[PDB]
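Data block below; observations after.
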Amino acid sequence: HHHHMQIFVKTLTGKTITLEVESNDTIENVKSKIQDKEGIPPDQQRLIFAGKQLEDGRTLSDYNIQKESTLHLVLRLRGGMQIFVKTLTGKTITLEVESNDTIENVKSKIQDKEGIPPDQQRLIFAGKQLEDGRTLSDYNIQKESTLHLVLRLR
């Protein structure tokens, strides 16, 4: 069952703030609360917990975040290249990438974030399977491009 709790958000410059949240609040909503309190635009915010960046559309409970847990808040300048990898289940995996990142590095980033072995991943963009040894730019994948991730049983 959903419940109320307090969490902490800490920036690198030393401040810990307390937020009143519900266990099923989304990360997007937490970023909105941080904007309301500190004035920081959500698109500049990256929230980190268990060493992973937290996905806007998932909830605190999805990440096992409990009362008096702390989230790191790291801030980016506007315009860092992100891409969105979406499974056919609707899951979204937002990756900070560079324009010449190799496909196998993208799969390695997906493994770091989601635990999915690279050999189980099939990435698709514009109807083409993305091949190891090629780069994002080889497929004209650029900022805010959306890729599909297809998975088979191990």
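The chains in the structure tokens are called A, B, ... from first to last as shown; in each chain the residues are counted from 1, and the ligands are counted from 1 in the order shown.
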Do you know which residues are at most 10 Å from range 108-112 of chain A counting only C-alpha atoms, after dropping those on the same chain fewer than 2 positions away, and could you put them as JSON, numbers by chain? {"A": [51, 52, 85, 93, 94, 95, 96, 97, 102, 103, 104, 105, 106, 114, 115, 116, 117, 118, 119, 120, 121, 149]}
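The alpha helix (DSSP H) portion of range 4-109 of chain A consists of residues 27, 28, 29, 30, 31, 32, 33, 34, 35, 36, 37, 38, 103, 104, 105, 106, 107, 108 and 109 of chain A, with states taken from DSSP on the backbone.
Here CA of residue 23 in chain A and CA of residue 66 in chain A stand 7.5 Å from one another.
Of the listed residues (A:99, A:27, A:146, A:36), A:99 comes nearest to residue 134 in chain A; the distances count only C-alpha atoms.
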As a PyMOL selection string, please: every residue in range 19-131 of chain A that a backbone DSSP assignment puts in strand (DSSP E or B). chain A and resi 19-22+26+45-49+52-53+59+70-75+82-87+92-96+102+121-125+128-129
